[PDB]
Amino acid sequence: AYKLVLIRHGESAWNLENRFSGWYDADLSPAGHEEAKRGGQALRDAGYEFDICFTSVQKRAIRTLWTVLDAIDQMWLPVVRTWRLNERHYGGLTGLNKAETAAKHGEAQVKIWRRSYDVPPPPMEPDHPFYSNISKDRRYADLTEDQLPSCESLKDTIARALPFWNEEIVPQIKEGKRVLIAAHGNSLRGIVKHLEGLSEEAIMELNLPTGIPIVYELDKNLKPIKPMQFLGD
């Protein structure tokens, strides 16, 4: 009866979670920090122990993990970071609020992007103010040309998260290590879709809560034995 815990980070600075924060390395707001604090509170109240932690290379998820480890007195745990758990790359939309997105591209196209599993936003181009900030960031210097996205469909995001799940996380779960994953809405979507065998439409309707420990109980073949559970009140 393996136990797996996911946590999605909370609010980022400057309202960037409502501005397609994407691969821009926005920090948590103080409220998002408090969210992570309460999630860690909940994990420690329930007496949870972990053996290894996985997170992205984005500081809002890393800081969520740090806050949780602090609260549960497990800062000594091994931590593994990977770009494959990063948030979806929103291309040229990154940093724009909803009104600006609709102004620039029109409501028809925005609705198409919102409802599509496999259509990416426009690429982030050199005139985008985040272009060099993300694409030339040292943390991605080992990625090959086709690994570093200029934009991602949801299909793309899940396609680059799942090799990490299969290759690095699954072997740990199968050895009995109690895994904690602190990551982002869409990378965690990829994991949940793989675990529950959800359809494209279903995963696109799934909106995981933030700051809340999400608990899975898996059988020998890593199939959930019951619906995902939340920790708290």
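All residue numbers refer to positions in the sequence shown, first residue = 1. Heads up, when I say rigid core I mean the largest set of C-alphas that superpose within 1.5 Å between the two forms.
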Subject >> More shifted region, core-based fit in 9 other deposited structures of this protein, 114 to 122 vs 76 to 84 by CA >> reply: 114 to 122
**OP:** Return whichever of 153 to 161 or 99 to 107 has the larger RMS Cα deviation from the displayed form in 9 other deposited structures of this protein, where every structure is aligned on the rigid core.
**Re:** 99 to 107
**OP:** Read off the CA B-factors in the entry, average them over 24 to 32 and over 200 to 208, and name the higher stretch.
**Re:** 200 to 208
**OP:** Please work out which of 9 to 17 and 210 to 218 has the higher mean CA B-factor as recorded in the PDB entry.
**Re:** 210 to 218
Original post:
From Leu188, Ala42, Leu69, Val57, pick the one with the largest CA B-factor in the entry?
Top reply: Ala42
Original post:
Ranked by Cα temperature factor within the chain, is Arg115 in the lowest third, the middle third or the highest third?
Top reply: highest
**OP:** Rank-wise, by C-alpha B-factor, drop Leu93 into the lowest, middle or highest third of its chain.
**Re:** lowest
**OP:** Sort the modelled residues of this chain by their C-alpha B factor and say whether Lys37 lands in the lowest, middle or highest third.
**Re:** middle
Original post:
Ranked by Cα temperature factor within the chain, is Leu85 in the lowest third, the middle third or the highest third?
Top reply: lowest
Subject >> Where the record places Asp156 (Cα B-factor, split into thirds across the chain) >> reply: middle
